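The next block holds one structure in the form of structure tokens; read it before the comments.
Note that we place each Cβ from the backbone using ideal geometry, even for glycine, and neighbour counts take in every protein chain shown. What follows is calculated from the coordinates using simple rules that are stated; it is not laboratory data.
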């Protein structure tokens, strides 16, 4: 067995298939970051750091010796525990199709939110700079009126053009901004369609982020490194409940500072 | 023979083909529910209940015995009788093509209305909860002005997005609402086209329901179980008329509470 | 894995084989009901109800609609927990052949007693009518003197003959009555042999029932429906003991009211 200790969990095979399906579905729906960044293959469990290729000056060991430390970025392992009713698990073999997988959905939504907020806003404790912090283009303010959203977005499209950047540009919106441009309409279309006319990429719902992000998806600018992708593991169990977790280990690198514009309220 | 007792009816083969065609045509046109829900294969005449896979605590038979009843949902058989003129039946072999099949059309419309109102509004006596009652998303009020319909519908599309749900969304409208958004026009299109721009599913005419329903058609959320599909059976006859019926047996299950938004006036 | 969670139990393979053998042996010995009734194949875990083929009038959904609920009988799941010493389990691999399987035997005897008392005396909470309650033939009183038992039994054989019934008749006795007709002797034979001369079926020891039952085993009159047959499942464990259970899910149907005579004290 492995670190998931999956065979020790009192979960049947059919219940496991339903839990895997629910977690994978809810996660994909709430991920916006993997649609725009380069996603590496999983390095594996032993992978601990990503080389940046830079060098750090250290106090010379002896006379005439020049020493340099190799720089690297550590992976962070992110774990979201959740708790399942054993009655709901037992219902699945009897043929129930409405078993309560709400904790699985909440854990997948929380893991997806962490991953997206780590990619776009950073996680300083894990030495990850967000796309918002690593952007060299000027930051823009989103207006209160949703009918004035496409104007400011177009100004962001000016900045990537002034930065000398090609590629399909894509706009990612926070859930508040996505709702505002979805529910306001002008001439038989919502403002989301007006945003769709400005770019050759995609208007992407990004419920974890704040503000908005416009960026190129030409490739090679944004890199998500995975040691291991999302997995479900077993912690402990009692007569009534099974404690499990969702787990993934990653770091994020931004190679190109001028490939994005961040917007705030 | 079977329970339809079809060979006992004084109906010719050509008249039978015309009656089957008229009933099938009028039924499909008035069904909205089967276009969005999962429809099972017919179980057969012996099928009486659908297992839910849940358990019900019952008073222990003896000491040290733990007993549980298996929960299930009963099928309901729905029968709509109708009456045909025997002169109209006799006209068909002579080559008439305008035989009065209005009772067949009224029976098919009434059966379709029952089935759709059972799926969407429930039938408590048959222990069927409607989609409106089983929805966990908040209910919305449809405005008086049809030009304000697409706005509220978009708010419903917000709620399924806040519920974490994917899939093609589809909007079903009552006949009053469908007429209102069909006959009011803005900038060379009716409001029905404005609704069509908001979703990747279909604006569906649903004359049996009240209000409106927005829901995902990704699959596995809404399940119509059929023991036997719509069939035409023979009851009795006299010199002038033949009494027949339309008959179908079914139950409806909603597995996913957050996959729909109901709207009312 | 399944709902038994059998691989999670700290029970060795040899100990499992001994427990299965002990439970199966003790159960068969104490079952009288399966020797006389028709026993279906196991439906499976998803099976929840048995269709009776009857219809129940419900309040018409709308005008001109005739609705009927399909009638059915729910299965009941019967679980008898029991507790095993882990020292006795560990003794089996070392080669012990006297490991204490008394709790297994008591659980099998209790499960067999429940099943037989459910078949013959009913379980109202599970909507099961017993053979005694569903019999239309008159009930008889068993006399105090065992030498007068064969007389009354013969009167029961009159009643099935007056009911117009063929087939091998079989007599099932309670443990008190079986002991009384076993230990009293007349002319070199016990009274049990005198009972054996009256029928072409079998004198059957039925320790769970009260009184006596005489009935035909021609087939098609008494039907035991099994979703799942007797299985051993794992609940929980500590350093000293393993909690397991015996479990079976069933219902019982009596199709023929006049195929049996019940006797009481």
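Key figures
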quantity: Sequence of A:135, C:133, B:182 once ranked by neighbouring C-beta atoms within 10 Å, starting from the fewest; calculated: C:133, B:182, A:135
quantity: Position residue C:20, label points 7 Å along Cα→Cβ, spacing to each other copy in nm (shortest first, one decimal); calculated: 2.7, 5.2
quantity: Cβ neighbours within 10 Å from other chains - mean over A:9-16; calculated: 3
quantity: Mean Cβ neighbour count within 10 Å, used as a protection proxy, ranking C:81-91, A:210-220 highest first; calculated: A:210-220, C:81-91
quantity: Percent of C-alpha pairs per 20 Å bin, the protein assembly as shown, short to long; calculated: 13, 31, 31, 19, 6, 1, 0
quantity: Overall dimensions of segment C:151-210 by Cα: Rg and Dmax, Å; calculated: 12.0, 35
quantity: Spatial extent of segment B:58-191: Rg and Dmax, with the Cα atoms as the point set, Å; calculated: 23.8, 76
quantity: Nm distances between copies for residue A:113, ranked from closest, using label points 7 Å along Cα→Cβ; calculated: 4.7, 5.5
quantity: Shielding score for C:76-82, defined as the mean number of other chain Cβ atoms within 10 Å; calculated: 5
quantity: Exposure proxy ranking, count of Cβ atoms within 10 Å, fewest first, for C:28, B:110, B:59; calculated: B:59, C:28, B:110
quantity: Inter-label distance, nm, simple model (7 Å from Cα along the C-beta direction), residue B:197/residue A:63; calculated: 8.2
quantity: Per-residue average of Cβ from other chains inside 10 Å of B:196-204; calculated: 1
quantity: Rough spin-label spacing in nm, given labels placed 7 Å along Cα→Cβ, for residue A:97 and residue A:125; calculated: 4.3
quantity: Segment C:133-200-segment A:8-55 distance, computed between alpha-carbon centres (Å); calculated: 72
quantity: Between segment A:76-90 and segment C:247-265, the Cα center-to-center distance that results, in Å; calculated: 46
quantity: Computed over chain A: relative contact order in percent, which uses C-alpha pairs under 8 Å that are six or more apart; calculated: 29
quantity: Candidates C:249, C:26, C:239: whichever shows maximal mean-square fluctuation once chain C is modelled as a Gaussian network with Cα springs under 10 Å; calculated: C:239
quantity: Residue order, fewest to most surrounding Cβ atoms within 10 angstrom, among C:121, C:20; calculated: C:20, C:121
quantity: Modelled FRET efficiency - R0 56 Å, residue A:79 with residue B:5, Cβ distances, 0.05 increments; calculated: 0.25
quantity: Separation in nanometres of the label points that stand 7 Å from Cα toward Cβ, at residue B:243 and residue A:38; calculated: 7.9
quantity: Axis-proximal residue, chain A, for the rotation superposing A on B (Cβ, Å); calculated: A:187, 5
quantity: Label geometry 7 Å along the beta-carbon vector: residue A:200 inter-copy distances in nm; calculated: 2.2, 9.3
quantity: Residues of segment A:20-57 with amide N under 11 Å of a point placed 7 Å along Cα→Cβ from residue A:70; calculated: A:49-54
